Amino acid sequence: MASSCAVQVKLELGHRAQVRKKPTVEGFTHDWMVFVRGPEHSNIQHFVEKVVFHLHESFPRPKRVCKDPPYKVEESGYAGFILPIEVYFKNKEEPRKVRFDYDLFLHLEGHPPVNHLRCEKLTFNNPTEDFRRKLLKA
């Protein structure tokens, strides 16, 4: 055909962390929350099948799957780590997913609490009509 298409979607990855007033019985000093979302409340569920958060092996059931929004994990712990996040798409064509190695860093006690936002742009060259339609609803 004469025509060609490039579709771009915006994803916001982020996390917040605070030192607890009292640590847990396991010795967890921090509460944190990590998320994947669309910018400005945009509904990425139109094209996102699921988000998988791969937590550190020290956590129980470390593969945390969010099939619906909000795509987030709320936890307590004692240290930060690299947290692989997989965003699966509602498609039957490649790419089926994208991976981000998310930097789930925690600040030291007596430092300001963490509140981080990471901006990612996905580009899809010539997606299927069905997948294009899902992307442009978001």
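Residues carry their position along the shown sequence, with the first being 1. For the two forms, the rigid core is made up of the largest set of C-alpha atoms that agree within 1.5 Å on superposition.
Each structure in 6 other deposited structures of this protein is fitted to the shown form on the rigid core, and of 107-115 and 94-102 the C-alphas lie farther away on average for 107-115.
Between 64-72 and 35-43, it is 35-43 that carries the larger average Cα temperature factor according to the deposited entry. As the entry records it, the average C-alpha temperature factor is higher for 91-99, out of 47-55 and 91-99. As recorded in the PDB entry, 110 shows the highest C-alpha B-factor of the residues 110, 27, 84, 80. In the deposited entry, the Cα temperature factor of residue 15 places it in the lowest third of its chain's modelled residues.
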